[PDB]
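Peer 1: So that you have it, the file is data_24.pdb, and it contains PDB, C-alpha atoms and all ligand atoms:
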```
ATOM      1  CA  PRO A   1       2.343 -22.014 -12.012  1.00  0.00           C
ATOM      2  CA  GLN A   2      -1.189 -22.977 -11.007  1.00  0.00           C
ATOM      3  CA  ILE A   3      -1.229 -25.117  -7.851  1.00  0.00           C
ATOM      4  CA  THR A   4      -4.235 -27.220  -6.863  1.00  0.00           C
ATOM      5  CA  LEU A   5      -4.832 -28.054  -3.208  1.00  0.00           C
ATOM      6  CA  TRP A   6      -5.512 -31.809  -3.149  1.00  0.00           C
ATOM      7  CA  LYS A   7      -2.042 -32.018  -1.577  1.00  0.00           C
ATOM      8  CA  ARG A   8      -0.159 -29.563   0.609  1.00  0.00           C
ATOM      9  CA  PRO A   9       1.281 -26.730  -1.533  1.00  0.00           C
ATOM     10  CA  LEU A  10       4.891 -27.559  -0.698  1.00  0.00           C
ATOM     11  CA  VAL A  11       7.693 -25.970  -2.711  1.00  0.00           C
ATOM     12  CA  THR A  12      11.446 -25.701  -2.621  1.00  0.00           C
ATOM     13  CA  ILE A  13      12.930 -22.441  -1.366  1.00  0.00           C
ATOM     14  CA  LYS A  14      16.492 -21.138  -1.276  1.00  0.00           C
ATOM     15  CA  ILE A  15      17.516 -19.061   1.731  1.00  0.00           C
ATOM     16  CA  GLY A  16      21.007 -18.293   2.991  1.00  0.00           C
ATOM     17  CA  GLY A  17      22.349 -20.439   0.152  1.00  0.00           C
ATOM     18  CA  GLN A  18      20.510 -23.578   1.280  1.00  0.00           C
ATOM     19  CA  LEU A  19      17.567 -25.387  -0.254  1.00  0.00           C
ATOM     20  CA  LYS A  20      14.525 -26.209   1.866  1.00  0.00           C
ATOM     21  CA  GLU A  21      10.918 -27.298   1.531  1.00  0.00           C
ATOM     22  CA  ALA A  22       8.257 -24.828   2.693  1.00  0.00           C
ATOM     23  CA  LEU A  23       4.460 -24.554   2.704  1.00  0.00           C
ATOM     24  CA  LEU A  24       2.656 -21.829   0.768  1.00  0.00           C
ATOM     25  CA  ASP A  25       0.377 -20.656   3.562  1.00  0.00           C
ATOM     26  CA  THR A  26      -2.200 -17.979   2.714  1.00  0.00           C
ATOM     27  CA  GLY A  27      -3.381 -18.055   6.352  1.00  0.00           C
ATOM     28  CA  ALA A  28      -0.013 -16.824   7.651  1.00  0.00           C
ATOM     29  CA  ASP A  29       0.683 -13.077   7.692  1.00  0.00           C
ATOM     30  CA  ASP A  30       4.381 -13.798   8.180  1.00  0.00           C
ATOM     31  CA  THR A  31       6.991 -16.306   7.067  1.00  0.00           C
ATOM     32  CA  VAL A  32       8.184 -18.663   9.812  1.00  0.00           C
ATOM     33  CA  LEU A  33      10.961 -21.190   9.253  1.00  0.00           C
ATOM     34  CA  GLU A  34      12.239 -23.956  11.497  1.00  0.00           C
ATOM     35  CA  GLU A  35      15.410 -23.440  13.527  1.00  0.00           C
ATOM     36  CA  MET A  36      18.367 -22.709  11.250  1.00  0.00           C
ATOM     37  CA  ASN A  37      21.591 -20.729  11.002  1.00  0.00           C
ATOM     38  CA  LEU A  38      21.159 -17.548   8.994  1.00  0.00           C
ATOM     39  CA  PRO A  39      23.615 -14.762   8.123  1.00  0.00           C
ATOM     40  CA  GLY A  40      22.614 -11.376   9.489  1.00  0.00           C
ATOM     41  CA  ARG A  41      21.542  -9.510  12.586  1.00  0.00           C
ATOM     42  CA  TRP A  42      18.219 -10.461  14.155  1.00  0.00           C
ATOM     43  CA  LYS A  43      15.836  -9.306  16.863  1.00  0.00           C
ATOM     44  CA  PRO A  44      13.833 -11.394  19.354  1.00  0.00           C
ATOM     45  CA  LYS A  45      10.095 -11.293  18.650  1.00  0.00           C
ATOM     46  CA  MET A  46       6.896 -13.113  19.584  1.00  0.00           C
ATOM     47  CA  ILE A  47       4.432 -14.611  17.100  1.00  0.00           C
ATOM     48  CA  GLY A  48       1.083 -16.283  17.814  1.00  0.00           C
ATOM     49  CA  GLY A  49      -0.577 -19.192  16.039  1.00  0.00           C
ATOM     50  CA  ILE A  50      -3.561 -21.458  16.588  1.00  0.00           C
ATOM     51  CA  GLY A  51      -2.009 -22.896  19.749  1.00  0.00           C
ATOM     52  CA  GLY A  52      -0.470 -19.837  21.377  1.00  0.00           C
ATOM     53  CA  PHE A  53       2.691 -17.799  21.067  1.00  0.00           C
ATOM     54  CA  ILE A  54       6.291 -18.728  20.342  1.00  0.00           C
ATOM     55  CA  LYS A  55       9.586 -16.859  20.497  1.00  0.00           C
ATOM     56  CA  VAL A  56      11.319 -16.320  17.160  1.00  0.00           C
ATOM     57  CA  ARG A  57      14.325 -14.508  15.763  1.00  0.00           C
ATOM     58  CA  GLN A  58      13.341 -11.849  13.239  1.00  0.00           C
ATOM     59  CA  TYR A  59      15.613 -11.475  10.211  1.00  0.00           C
ATOM     60  CA  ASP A  60      14.790  -8.459   8.050  1.00  0.00           C
ATOM     61  CA  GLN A  61      15.541  -7.882   4.366  1.00  0.00           C
ATOM     62  CA  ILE A  62      16.587 -11.514   3.760  1.00  0.00           C
ATOM     63  CA  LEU A  63      16.937 -12.846   0.232  1.00  0.00           C
ATOM     64  CA  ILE A  64      14.767 -15.893  -0.425  1.00  0.00           C
ATOM     65  CA  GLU A  65      13.775 -17.592  -3.695  1.00  0.00           C
ATOM     66  CA  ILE A  66      10.410 -19.387  -3.698  1.00  0.00           C
ATOM     67  CA  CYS A  67       9.775 -21.885  -6.493  1.00  0.00           C
ATOM     68  CA  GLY A  68      12.084 -19.897  -8.762  1.00  0.00           C
ATOM     69  CA  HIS A  69      10.689 -16.464  -7.787  1.00  0.00           C
ATOM     70  CA  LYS A  70      12.844 -14.009  -5.853  1.00  0.00           C
ATOM     71  CA  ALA A  71      11.744 -12.188  -2.713  1.00  0.00           C
ATOM     72  CA  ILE A  72      13.437  -9.988  -0.121  1.00  0.00           C
ATOM     73  CA  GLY A  73      11.722  -9.561   3.212  1.00  0.00           C
ATOM     74  CA  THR A  74      11.244 -10.544   6.818  1.00  0.00           C
ATOM     75  CA  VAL A  75      11.819 -14.144   7.911  1.00  0.00           C
ATOM     76  CA  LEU A  76      11.040 -15.402  11.407  1.00  0.00           C
ATOM     77  CA  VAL A  77      13.040 -18.366  12.728  1.00  0.00           C
ATOM     78  CA  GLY A  78      11.795 -20.499  15.599  1.00  0.00           C
ATOM     79  CA  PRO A  79       9.958 -23.640  16.701  1.00  0.00           C
ATOM     80  CA  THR A  80       7.261 -23.646  14.055  1.00  0.00           C
ATOM     81  CA  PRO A  81       5.831 -27.099  13.262  1.00  0.00           C
ATOM     82  CA  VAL A  82       6.686 -26.651   9.560  1.00  0.00           C
ATOM     83  CA  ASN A  83       8.319 -24.058   7.318  1.00  0.00           C
ATOM     84  CA  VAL A  84       5.572 -21.667   6.186  1.00  0.00           C
ATOM     85  CA  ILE A  85       5.736 -18.963   3.521  1.00  0.00           C
ATOM     86  CA  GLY A  86       3.332 -16.226   4.580  1.00  0.00           C
ATOM     87  CA  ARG A  87       1.626 -13.346   2.824  1.00  0.00           C
ATOM     88  CA  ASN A  88       4.571 -10.973   3.307  1.00  0.00           C
ATOM     89  CA  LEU A  89       6.482 -13.045   0.727  1.00  0.00           C
ATOM     90  CA  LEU A  90       3.553 -14.494  -1.242  1.00  0.00           C
ATOM     91  CA  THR A  91       2.676 -10.963  -2.376  1.00  0.00           C
ATOM     92  CA  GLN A  92       6.252 -10.414  -3.571  1.00  0.00           C
ATOM     93  CA  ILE A  93       6.148 -13.404  -5.929  1.00  0.00           C
ATOM     94  CA  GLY A  94       2.761 -12.369  -7.317  1.00  0.00           C
ATOM     95  CA  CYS A  95       0.719 -15.117  -5.680  1.00  0.00           C
ATOM     96  CA  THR A  96      -3.088 -14.860  -5.749  1.00  0.00           C
ATOM     97  CA  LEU A  97      -5.961 -17.149  -4.828  1.00  0.00           C
ATOM     98  CA  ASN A  98      -8.340 -18.062  -7.638  1.00  0.00           C
ATOM     99  CA  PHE A  99     -11.613 -19.969  -7.816  1.00  0.00           C
TER     100      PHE A  99
ATOM    101  CA  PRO B   1     -12.783 -14.456  -8.452  1.00  0.00           C
ATOM    102  CA  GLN B   2      -9.126 -13.590  -7.893  1.00  0.00           C
ATOM    103  CA  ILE B   3      -8.004 -12.653  -4.385  1.00  0.00           C
ATOM    104  CA  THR B   4      -4.745 -10.805  -3.810  1.00  0.00           C
ATOM    105  CA  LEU B   5      -2.850 -11.326  -0.562  1.00  0.00           C
ATOM    106  CA  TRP B   6      -2.072  -7.752   0.529  1.00  0.00           C
ATOM    107  CA  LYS B   7      -4.589  -8.392   3.315  1.00  0.00           C
ATOM    108  CA  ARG B   8      -5.954 -11.538   4.924  1.00  0.00           C
ATOM    109  CA  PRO B   9      -8.150 -13.522   2.450  1.00  0.00           C
ATOM    110  CA  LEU B  10     -11.329 -13.256   4.502  1.00  0.00           C
ATOM    111  CA  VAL B  11     -14.629 -14.307   2.932  1.00  0.00           C
ATOM    112  CA  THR B  12     -18.185 -14.859   4.113  1.00  0.00           C
ATOM    113  CA  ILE B  13     -19.260 -18.453   4.703  1.00  0.00           C
ATOM    114  CA  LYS B  14     -22.629 -19.961   5.551  1.00  0.00           C
ATOM    115  CA  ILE B  15     -22.629 -22.911   7.961  1.00  0.00           C
ATOM    116  CA  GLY B  16     -25.373 -24.245  10.217  1.00  0.00           C
ATOM    117  CA  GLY B  17     -27.688 -21.483   9.079  1.00  0.00           C
ATOM    118  CA  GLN B  18     -25.175 -18.862  10.218  1.00  0.00           C
ATOM    119  CA  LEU B  19     -23.012 -16.407   8.297  1.00  0.00           C
ATOM    120  CA  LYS B  20     -19.411 -16.004   9.424  1.00  0.00           C
ATOM    121  CA  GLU B  21     -16.073 -14.700   8.188  1.00  0.00           C
ATOM    122  CA  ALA B  22     -13.229 -17.148   7.555  1.00  0.00           C
ATOM    123  CA  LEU B  23      -9.787 -17.272   5.940  1.00  0.00           C
ATOM    124  CA  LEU B  24      -9.145 -19.146   2.720  1.00  0.00           C
ATOM    125  CA  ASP B  25      -6.091 -20.927   4.146  1.00  0.00           C
ATOM    126  CA  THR B  26      -3.890 -23.035   1.853  1.00  0.00           C
ATOM    127  CA  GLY B  27      -1.763 -23.944   4.877  1.00  0.00           C
ATOM    128  CA  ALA B  28      -4.681 -25.593   6.710  1.00  0.00           C
ATOM    129  CA  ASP B  29      -5.247 -29.283   5.940  1.00  0.00           C
ATOM    130  CA  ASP B  30      -8.615 -29.104   7.703  1.00  0.00           C
ATOM    131  CA  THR B  31     -11.299 -26.495   8.280  1.00  0.00           C
ATOM    132  CA  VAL B  32     -11.391 -25.090  11.823  1.00  0.00           C
ATOM    133  CA  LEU B  33     -14.205 -22.806  12.977  1.00  0.00           C
ATOM    134  CA  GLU B  34     -14.867 -20.765  16.103  1.00  0.00           C
ATOM    135  CA  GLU B  35     -16.962 -22.343  18.837  1.00  0.00           C
ATOM    136  CA  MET B  36     -20.505 -22.909  17.606  1.00  0.00           C
ATOM    137  CA  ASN B  37     -23.244 -25.252  18.830  1.00  0.00           C
ATOM    138  CA  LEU B  38     -23.752 -27.484  15.797  1.00  0.00           C
ATOM    139  CA  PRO B  39     -26.238 -30.368  16.095  1.00  0.00           C
ATOM    140  CA  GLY B  40     -25.382 -34.011  15.659  1.00  0.00           C
ATOM    141  CA  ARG B  41     -22.617 -36.310  16.785  1.00  0.00           C
ATOM    142  CA  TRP B  42     -18.915 -35.496  16.735  1.00  0.00           C
ATOM    143  CA  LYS B  43     -15.525 -36.999  17.555  1.00  0.00           C
ATOM    144  CA  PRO B  44     -12.755 -35.279  19.540  1.00  0.00           C
ATOM    145  CA  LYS B  45      -9.563 -34.251  17.783  1.00  0.00           C
ATOM    146  CA  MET B  46      -6.342 -32.340  18.418  1.00  0.00           C
ATOM    147  CA  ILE B  47      -4.737 -30.103  15.786  1.00  0.00           C
ATOM    148  CA  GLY B  48      -1.320 -28.498  16.059  1.00  0.00           C
ATOM    149  CA  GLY B  49       0.218 -25.311  14.768  1.00  0.00           C
ATOM    150  CA  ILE B  50       2.375 -22.430  15.917  1.00  0.00           C
ATOM    151  CA  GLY B  51       2.146 -22.359  19.711  1.00  0.00           C
ATOM    152  CA  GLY B  52       0.982 -25.948  20.135  1.00  0.00           C
ATOM    153  CA  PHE B  53      -2.292 -27.862  19.923  1.00  0.00           C
ATOM    154  CA  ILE B  54      -5.952 -27.090  20.534  1.00  0.00           C
ATOM    155  CA  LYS B  55      -8.803 -29.496  21.226  1.00  0.00           C
ATOM    156  CA  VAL B  56     -11.634 -29.417  18.685  1.00  0.00           C
ATOM    157  CA  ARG B  57     -14.836 -31.269  17.831  1.00  0.00           C
ATOM    158  CA  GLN B  58     -14.919 -32.999  14.447  1.00  0.00           C
ATOM    159  CA  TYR B  59     -18.249 -32.891  12.578  1.00  0.00           C
ATOM    160  CA  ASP B  60     -18.555 -34.772   9.287  1.00  0.00           C
ATOM    161  CA  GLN B  61     -20.623 -34.094   6.158  1.00  0.00           C
ATOM    162  CA  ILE B  62     -21.376 -30.503   7.140  1.00  0.00           C
ATOM    163  CA  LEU B  63     -22.762 -28.208   4.443  1.00  0.00           C
ATOM    164  CA  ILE B  64     -20.803 -24.984   3.905  1.00  0.00           C
ATOM    165  CA  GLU B  65     -21.210 -22.227   1.339  1.00  0.00           C
ATOM    166  CA  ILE B  66     -18.138 -20.124   0.514  1.00  0.00           C
ATOM    167  CA  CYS B  67     -18.731 -17.071  -1.711  1.00  0.00           C
ATOM    168  CA  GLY B  68     -21.760 -18.774  -3.166  1.00  0.00           C
ATOM    169  CA  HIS B  69     -19.763 -21.959  -3.833  1.00  0.00           C
ATOM    170  CA  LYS B  70     -21.296 -24.946  -2.081  1.00  0.00           C
ATOM    171  CA  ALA B  71     -19.217 -27.642  -0.424  1.00  0.00           C
ATOM    172  CA  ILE B  72     -19.716 -30.446   2.073  1.00  0.00           C
ATOM    173  CA  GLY B  73     -17.144 -32.061   4.315  1.00  0.00           C
ATOM    174  CA  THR B  74     -15.470 -32.225   7.695  1.00  0.00           C
ATOM    175  CA  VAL B  75     -15.497 -29.156   9.947  1.00  0.00           C
ATOM    176  CA  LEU B  76     -13.574 -28.890  13.223  1.00  0.00           C
ATOM    177  CA  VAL B  77     -15.060 -26.694  15.970  1.00  0.00           C
ATOM    178  CA  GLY B  78     -13.054 -25.343  18.881  1.00  0.00           C
ATOM    179  CA  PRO B  79     -11.398 -22.323  20.531  1.00  0.00           C
ATOM    180  CA  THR B  80      -9.519 -21.193  17.455  1.00  0.00           C
ATOM    181  CA  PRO B  81      -8.562 -17.495  17.273  1.00  0.00           C
ATOM    182  CA  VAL B  82      -9.716 -17.339  13.623  1.00  0.00           C
ATOM    183  CA  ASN B  83     -11.989 -19.237  11.258  1.00  0.00           C
ATOM    184  CA  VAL B  84      -9.967 -21.016   8.555  1.00  0.00           C
ATOM    185  CA  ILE B  85     -11.222 -22.778   5.439  1.00  0.00           C
ATOM    186  CA  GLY B  86      -8.822 -25.636   4.754  1.00  0.00           C
ATOM    187  CA  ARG B  87      -7.831 -27.620   1.689  1.00  0.00           C
ATOM    188  CA  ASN B  88     -10.543 -30.217   2.318  1.00  0.00           C
ATOM    189  CA  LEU B  89     -13.078 -27.555   1.289  1.00  0.00           C
ATOM    190  CA  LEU B  90     -10.894 -25.296  -0.895  1.00  0.00           C
ATOM    191  CA  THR B  91     -10.516 -28.130  -3.422  1.00  0.00           C
ATOM    192  CA  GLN B  92     -14.301 -28.436  -3.532  1.00  0.00           C
ATOM    193  CA  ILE B  93     -14.761 -24.822  -4.668  1.00  0.00           C
ATOM    194  CA  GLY B  94     -11.987 -25.065  -7.260  1.00  0.00           C
ATOM    195  CA  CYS B  95      -9.485 -22.850  -5.441  1.00  0.00           C
ATOM    196  CA  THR B  96      -5.897 -22.679  -6.688  1.00  0.00           C
ATOM    197  CA  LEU B  97      -2.731 -20.720  -5.984  1.00  0.00           C
ATOM    198  CA  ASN B  98      -1.285 -18.883  -8.979  1.00  0.00           C
ATOM    199  CA  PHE B  99       1.934 -16.986  -9.577  1.00  0.00           C
TER     200      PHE B  99
HETATM  201  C1  LIG A 101       1.303 -26.317  10.283  1.00  0.00           C
HETATM  202  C2  LIG A 101       1.009 -25.296   9.159  1.00  0.00           C
HETATM  203  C3  LIG A 101       0.198 -24.116   9.650  1.00  0.00           C
HETATM  204  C4  LIG A 101       0.930 -23.389  10.782  1.00  0.00           C
HETATM  205  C5  LIG A 101      -1.186 -24.623  10.151  1.00  0.00           C
HETATM  206  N1  LIG A 101      -2.089 -23.470  10.504  1.00  0.00           N
HETATM  207  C6  LIG A 101      -2.730 -22.720   9.332  1.00  0.00           C
HETATM  208  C7  LIG A 101      -1.996 -21.373   9.220  1.00  0.00           C
HETATM  209  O1  LIG A 101      -2.395 -20.725   8.057  1.00  0.00           O
HETATM  210  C8  LIG A 101      -2.332 -20.495  10.427  1.00  0.00           C
HETATM  211  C9  LIG A 101      -3.781 -20.074  10.426  1.00  0.00           C
HETATM  212  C10 LIG A 101      -3.956 -19.038  11.614  1.00  0.00           C
HETATM  213  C11 LIG A 101      -4.110 -17.522  11.294  1.00  0.00           C
HETATM  214  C12 LIG A 101      -4.276 -16.505  12.468  1.00  0.00           C
HETATM  215  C13 LIG A 101      -4.281 -16.999  13.929  1.00  0.00           C
HETATM  216  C14 LIG A 101      -4.120 -18.516  14.242  1.00  0.00           C
HETATM  217  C15 LIG A 101      -3.960 -19.542  13.063  1.00  0.00           C
HETATM  218  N2  LIG A 101      -1.526 -19.276  10.304  1.00  0.00           N
HETATM  219  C16 LIG A 101      -0.377 -19.018  11.229  1.00  0.00           C
HETATM  220  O2  LIG A 101      -0.140 -19.726  12.151  1.00  0.00           O
HETATM  221  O3  LIG A 101       0.360 -17.884  10.884  1.00  0.00           O
HETATM  222  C17 LIG A 101       1.315 -17.357  11.888  1.00  0.00           C
HETATM  223  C18 LIG A 101       2.348 -16.979  11.244  1.00  0.00           C
HETATM  224  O4  LIG A 101       1.836 -15.596  10.522  1.00  0.00           O
HETATM  225  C19 LIG A 101       1.063 -15.002  11.388  1.00  0.00           C
HETATM  226  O5  LIG A 101      -0.316 -14.603  10.771  1.00  0.00           O
HETATM  227  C20 LIG A 101      -1.221 -15.437  11.273  1.00  0.00           C
HETATM  228  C21 LIG A 101      -0.596 -16.035  12.644  1.00  0.00           C
HETATM  229  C22 LIG A 101       0.741 -16.035  12.491  1.00  0.00           C
HETATM  230  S1  LIG A 101      -3.136 -23.778  11.829  1.00  0.00           S
HETATM  231  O6  LIG A 101      -4.063 -22.685  12.119  1.00  0.00           O
HETATM  232  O7  LIG A 101      -2.380 -23.975  13.065  1.00  0.00           O
HETATM  233  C23 LIG A 101      -4.024 -25.266  11.310  1.00  0.00           C
HETATM  234  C24 LIG A 101      -5.212 -25.138  10.554  1.00  0.00           C
HETATM  235  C25 LIG A 101      -5.918 -26.369  10.114  1.00  0.00           C
HETATM  236  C26 LIG A 101      -5.306 -27.782  10.510  1.00  0.00           C
HETATM  237  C27 LIG A 101      -4.247 -27.879  11.184  1.00  0.00           C
HETATM  238  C28 LIG A 101      -3.453 -26.576  11.674  1.00  0.00           C
HETATM  239  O8  LIG A 101      -3.895 -29.306  11.403  1.00  0.00           O
HETATM  240  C29 LIG A 101      -4.666 -29.995  10.603  1.00  0.00           C
HETATM  241  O9  LIG A 101      -5.785 -29.094  10.211  1.00  0.00           O
END
```
Would you mind writing the file out in structure tokens?
Ligand SMILES: CC[C@H](C)CN(C[C@@H](O)[C@H](Cc1ccccc1)NC(=O)O[C@H]1CO[C@H]2OCC[C@H]21)S(=O)(=O)c1ccc2c(c1)OCO2
Peer 2:
Amino acid sequence: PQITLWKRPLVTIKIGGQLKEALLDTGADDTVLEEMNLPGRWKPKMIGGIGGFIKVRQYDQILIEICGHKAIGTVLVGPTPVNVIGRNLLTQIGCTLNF
Amino acid sequence: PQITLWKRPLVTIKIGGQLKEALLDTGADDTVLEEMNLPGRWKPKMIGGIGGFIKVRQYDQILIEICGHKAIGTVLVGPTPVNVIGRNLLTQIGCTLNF
């Protein structure tokens, strides 16, 4: 689809068998989701945003469907203010910016 | 143009007679720029993201050019690690997400 930006580009995602709402965030390198239970091993990592750094759990090679488009990649879980879909997954679904 | 997301979507902007680099950021409600000494009045604001909040100065009706596309609107100035063009200006240049 073509998504205008008068509102937040929020979409439904499916991860670990659960539906969620997430923000398509071209300013995020990585995908960061709010605290949740996820199947798989993980590794503690640090990620930095506009306000500093937070501790997250890194899940690699996770299946995640974004607005009907399938992706498989890294998902960071931790105290992010909102679920964000970053460029690591936006590229997988073929997302570009256009003006 | 069309911008792929393999790398950060950095573009040149012109603001306050200065050229800078900034991210086209669909996850940013507002536009937040590195510290710069803009003239005129301003109002304090706090904006939150990963890591917490930062204090910024809100300037209204600022003229910005983004890839030769002119816009005018609110710009927040503060100690942000990166310049981000938010949806308040992205809508003005006709920017969409497409997949
Ligand atoms: C609440 C939704 C987002 C987290 C909001 N952020 C825009 C993001 O695009 C941000 C923009 C950004 C980009 C680089 C450094 C700091 C902030 N990217 C980000 O935090 O990404 C992190 C996750 O991937 C990693 O790659 C980049 C940092 C990591 S933000 O910078 O904090 C932000 C921008 C304008 C705003 C605002 C918050 O409140 C209202 O106006």
Peer 1: Select all residues from chain B having any atom no more than 10 Å from an atom of chain A (counting only C-alpha atoms, ignoring ligands), output as a VMD selection string.
Peer 2: chain B and resid 1 to 10 22 to 29 32 47 to 55 67 69 79 to 99
Peer 1: Please measure the separation of atom CA of residue A:58 and atom CA of residue A:75, giving the value in Å to one decimal.
Peer 2: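 Separating atom CA of residue A:58 from atom CA of residue A:75 is a distance of 6.0 Å.
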Peer 1: Which value, in Å to one decimal, gives the distance between atom CA of residue B:12 and atom CA of residue B:64?
Peer 2: 10.5 Å
Peer 1: Rounded to one decimal place, report the atom CA of residue A:74-atom CA of residue A:30 distance in Å.
Peer 2: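 Between atom CA of residue A:74 and atom CA of residue A:30 the gap works out to 7.7 Å.
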Peer 1: May I have the protein, DNA and RNA residues with any atom at most 12 Å from the point (22.4, -23.5, 0.5), counting only C-alpha atoms, written as a compact mmCIF listing (two decimals) with C-alpha atoms, keeping the file's coordinate frame?
Peer 2:
```txt
# COMPACT_ATOMS: atom_id res chain seq x y z
CA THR A 12 11.45 -25.70 -2.62
CA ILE A 13 12.93 -22.44 -1.37
CA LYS A 14 16.49 -21.14 -1.28
CA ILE A 15 17.52 -19.06 1.73
CA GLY A 16 21.01 -18.29 2.99
CA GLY A 17 22.35 -20.44 0.15
CA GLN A 18 20.51 -23.58 1.28
CA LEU A 19 17.57 -25.39 -0.25
CA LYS A 20 14.52 -26.21 1.87
CA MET A 36 18.37 -22.71 11.25
CA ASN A 37 21.59 -20.73 11.00
CA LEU A 38 21.16 -17.55 8.99
CA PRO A 39 23.62 -14.76 8.12
CA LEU A 63 16.94 -12.85 0.23
CA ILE A 64 14.77 -15.89 -0.42
CA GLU A 65 13.78 -17.59 -3.70
```
